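J.: Below is one structure. I have some questions about it.
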Amino acid sequence: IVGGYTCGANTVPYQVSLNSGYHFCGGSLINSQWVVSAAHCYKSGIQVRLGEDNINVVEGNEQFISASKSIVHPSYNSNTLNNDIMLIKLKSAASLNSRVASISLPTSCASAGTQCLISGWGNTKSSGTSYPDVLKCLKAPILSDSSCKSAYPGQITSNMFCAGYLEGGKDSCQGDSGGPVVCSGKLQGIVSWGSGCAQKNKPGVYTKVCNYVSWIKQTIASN
Ligand SMILES: [Ca+2]
């Protein structure tokens, strides 16, 4: 997260870190057994780390649970990032309390102008590289479809939306991938892609979770 703030420990209780020997992506806990992330975060041997603040220090609220199975969206295209969503099942159910909690799925899509909270452990610099240990947060609005398409001609599908600031300076970034965009207590987006980070006229692009609720529910019901 570039141009954000320190969230505060366990203030974003649905935020998870995906670990394969190291943090590599965010994700969102959606029930005791299941995490939503980006398909571009797929790999084998994922451990899901819940209850994290400092990802390099055991601070007392962590739950580390290996994934039993990952399901990339059936229509994910890694070239275009269309359908950049993946479900991860935990081998055991997480213990839920106020520091580790699921986030609700949307019942309706969000509109441009809605304010959201984006979070993660990704790079905090727009030029060069600095990875934080503690969770970072950014409040940002959803942008109009027209501004999003104008920013990224030929690239924005109906399964994507832009959020952030066209002036630059405030965005998600590498290592935030897969993490949440939450608006009015609903998971509306997944950190997906963008050109660089926090660049002028190049906002963040996010998977439009409301399009996937049917798929998520039916997949959980049968897996
Ligand atoms: Ca920790």
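Letters A, B, ... go to the chains of the structure tokens in the order shown; residues in each chain start at 1; ligands are counted from 1 in the same order.
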Residues of chain A that approach ligand 1 to 9 Å or less, counting only C-alpha atoms and all ligand atoms: could you list each one with the shortest pair of atoms and its distance in Å to one decimal, rows by chain and increasing residue number, as a tab-separated table?

T.:
```
residue	atom	partner	partner_atom_place_in_ligand_line	distance
A:49	CA	ligand 1	1 (Ca)	8.5
A:50	CA	ligand 1	1 (Ca)	8.9
A:51	CA	ligand 1	1 (Ca)	7.5
A:52	CA	ligand 1	1 (Ca)	4.7
A:53	CA	ligand 1	1 (Ca)	5.4
A:54	CA	ligand 1	1 (Ca)	4.5
A:55	CA	ligand 1	1 (Ca)	4.3
A:56	CA	ligand 1	1 (Ca)	5.6
A:57	CA	ligand 1	1 (Ca)	4.4
A:58	CA	ligand 1	1 (Ca)	4.1
A:59	CA	ligand 1	1 (Ca)	5.1
A:60	CA	ligand 1	1 (Ca)	7.4
A:61	CA	ligand 1	1 (Ca)	7.5
A:62	CA	ligand 1	1 (Ca)	6.2
A:133	CA	ligand 1	1 (Ca)	8.8
A:134	CA	ligand 1	1 (Ca)	8.5
```

J.: May I have the selected residues written with C-alpha atoms, as a JSON list (two decimals), in the first residue's frame?

T.:
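To be explicit, this is the file written out as part.json:
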```json
[["chain", "number", "residue", "atom", "x", "y", "z"],
["A", 49, "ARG", "CA", -2.03, -16.90, 8.24],
["A", 50, "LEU", "CA", -4.94, -15.27, 10.08],
["A", 51, "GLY", "CA", -4.79, -12.84, 12.97],
["A", 52, "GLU", "CA", -1.60, -11.22, 11.65],
["A", 53, "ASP", "CA", -0.30, -7.74, 12.22],
["A", 54, "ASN", "CA", 3.54, -7.93, 12.10],
["A", 55, "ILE", "CA", 4.08, -10.82, 9.65],
["A", 56, "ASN", "CA", 7.68, -11.31, 10.95],
["A", 57, "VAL", "CA", 6.88, -11.52, 14.68],
["A", 58, "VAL", "CA", 4.60, -13.90, 16.57],
["A", 59, "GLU", "CA", 2.46, -11.48, 18.53],
["A", 60, "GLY", "CA", -0.20, -13.75, 20.03],
["A", 61, "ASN", "CA", -3.29, -13.66, 17.82],
["A", 62, "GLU", "CA", -2.13, -15.73, 14.85],
["A", 133, "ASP", "CA", 5.99, -5.70, 8.47],
["A", 134, "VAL", "CA", 2.67, -4.43, 9.85]]
```

J.: Run DSSP on the backbone and tell me which residues of range 16-216 of chain A come out as alpha helix (DSSP H); list them as a list in words.

T.: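 Those residues are residues 145, 146, 147, 148, 149, 150, 151, 213, 214, 215 and 216 of chain A.
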
J.: Sorted by chain and rising residue number, which residues of range 4-120 of chain A lie within 8 Å of range 161-172 of chain A, and what are their closest atom pairs and distances in Å to one decimal, counting only C-alpha atoms, as JSON lines?

T.:
```
{"residue": "A:4", "atom": "CA", "partner": "A:170", "partner_atom": "CA", "distance": 6.6}
{"residue": "A:118", "atom": "CA", "partner": "A:172", "partner_atom": "CA", "distance": 7.3}
{"residue": "A:119", "atom": "CA", "partner": "A:172", "partner_atom": "CA", "distance": 7.7}
{"residue": "A:120", "atom": "CA", "partner": "A:172", "partner_atom": "CA", "distance": 7.9}
```

J.: Of the candidates A:72, A:81, A:123, A:208, which shows the shortest atom-to-atom distance to residue 24 in chain A, using only C-alpha atoms?

T.: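 Of A:72, A:81, A:123, A:208, the one nearest residue 24 in chain A, counting only C-alpha atoms, is A:123.
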
J.: Could you name the residues that touch residue 99 in chain A at 8 Å or less, counting only C-alpha atoms, but leaving out those on the same chain fewer than 3 positions away, as a PyMOL selection string?

T.: chain A and resi 10-13+51+61+96

J.: Which residue, A:111, A:199, A:211, A:83, has the smallest gap to residue 38 in chain A when you use only C-alpha atoms?

T.: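 Ranked by minimum distance to residue 38 in chain A, first place goes to A:83.
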
J.: Point out the residue among A:5, A:34, A:212, A:42 with the least atom-to-atom distance to residue 106 in chain A, counting only C-alpha atoms.

T.: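 Using only C-alpha atoms, residue 106 in chain A sits closest to A:212.
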
J.: Between A:113, A:203, A:194, A:153, which one has atoms that come closest to residue 177 in chain A, using only C-alpha atoms?

T.: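 Of the candidates, the smallest distance to residue 177 in chain A is held by A:194.
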
J.: Give me the residues within 10 Å of residue 112 in chain A as an NGL selection string, counting only C-alpha atoms and dropping any in the same chain fewer than 2 places off.

T.: :A and (109-110 or 114-115 or 141-145 or 161-163)

J.: Store the residues picked out above in a file with N, CA and C atoms, as a compact mmCIF listing (two decimals), in the first residue's frame.

T.:
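Result file again01.txt:
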```
# COMPACT_ATOMS: atom_id res chain seq x y z
N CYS A 109 -23.75 -4.91 -6.05
CA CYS A 109 -22.51 -4.31 -6.48
C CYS A 109 -22.45 -2.91 -5.95
N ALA A 110 -21.26 -2.40 -5.74
CA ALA A 110 -21.05 -1.05 -5.30
C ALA A 110 -20.96 -0.10 -6.47
N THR A 114 -18.32 5.29 -3.96
CA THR A 114 -18.33 4.62 -2.67
C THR A 114 -16.92 4.55 -2.11
N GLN A 115 -16.83 4.74 -0.81
CA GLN A 115 -15.59 4.74 -0.13
C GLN A 115 -15.31 3.30 0.30
N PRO A 141 -11.94 5.69 -3.02
CA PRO A 141 -13.19 5.54 -3.69
C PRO A 141 -13.11 4.69 -4.93
N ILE A 142 -14.23 4.05 -5.20
CA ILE A 142 -14.43 3.41 -6.48
C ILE A 142 -14.55 4.51 -7.56
N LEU A 143 -13.89 4.30 -8.68
CA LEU A 143 -13.96 5.23 -9.80
C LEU A 143 -14.96 4.81 -10.84
N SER A 144 -15.45 5.78 -11.61
CA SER A 144 -16.38 5.45 -12.66
C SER A 144 -15.79 4.47 -13.66
N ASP A 145 -16.67 3.65 -14.24
CA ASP A 145 -16.26 2.77 -15.31
C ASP A 145 -15.62 3.56 -16.45
N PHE A 161 -13.07 -3.31 -11.72
CA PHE A 161 -13.32 -1.91 -11.48
C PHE A 161 -12.04 -1.23 -11.00
N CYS A 162 -12.00 0.09 -11.16
CA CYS A 162 -10.88 0.88 -10.66
C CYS A 162 -11.25 1.53 -9.34
N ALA A 163 -10.25 1.68 -8.48
CA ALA A 163 -10.45 2.46 -7.28
C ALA A 163 -9.14 3.16 -6.98
```

J.: I'd like to know which of A:86, A:65, A:197, A:46 is closest to residue 3 in chain A, using only C-alpha atoms.

T.: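 Checking each candidate against residue 3 in chain A, we get A:197 as the closest.
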
J.: What's around range 181-190 of chain A at 6 Å? Count only C-alpha atoms, leave out sequence neighbours fewer than 3 positions away in its own chain, and write the answer as a PyMOL selection string.

T.: chain A and resi 104-106+116-118+178+206-209

J.: Could you save the residues just selected, with C-alpha atoms, as a PDB file, in the first residue's frame?

T.:
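Result file follows (out-v7.pdb):
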```
ATOM      1  CA  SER A 104     -19.593 -10.537   4.280  1.00  0.00           C
ATOM      2  CA  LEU A 105     -20.038 -11.050   0.550  1.00  0.00           C
ATOM      3  CA  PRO A 106     -21.946  -8.328  -1.261  1.00  0.00           C
ATOM      4  CA  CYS A 116     -13.665   1.544   0.576  1.00  0.00           C
ATOM      5  CA  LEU A 117     -10.851   0.158   2.679  1.00  0.00           C
ATOM      6  CA  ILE A 118      -7.951  -1.526   0.896  1.00  0.00           C
ATOM      7  CA  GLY A 178      -5.298 -10.935  -3.569  1.00  0.00           C
ATOM      8  CA  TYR A 206      -9.744  -4.761  -8.743  1.00  0.00           C
ATOM      9  CA  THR A 207     -11.750  -7.942  -9.342  1.00  0.00           C
ATOM     10  CA  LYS A 208     -15.472  -7.124  -9.128  1.00  0.00           C
ATOM     11  CA  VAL A 209     -16.506  -9.601  -6.410  1.00  0.00           C
TER      12      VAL A 209
END
```

J.: Using only C-alpha atoms, find the one residue out of A:201, A:75, A:102, A:95 that sits nearest to residue 31 in chain A.

T.: A:102

J.: Please identify the strand (DSSP E or B) residues within range 28-196 of chain A (assignment by DSSP from backbone atoms) and present them as number ranges by chain.

T.: A: 28-29, 34-37, 47-50, 63-72, 86-90, 97, 100, 104, 115-120, 136-142, 160-163, 171, 180-183, 186-193

J.: Go ahead and compute the interatomic distance for CA of residue 200 in chain A and CA of residue 129 in chain A, in Å to one decimal.

T.: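 Rounded to one decimal, the two atoms are 18.2 Å apart.
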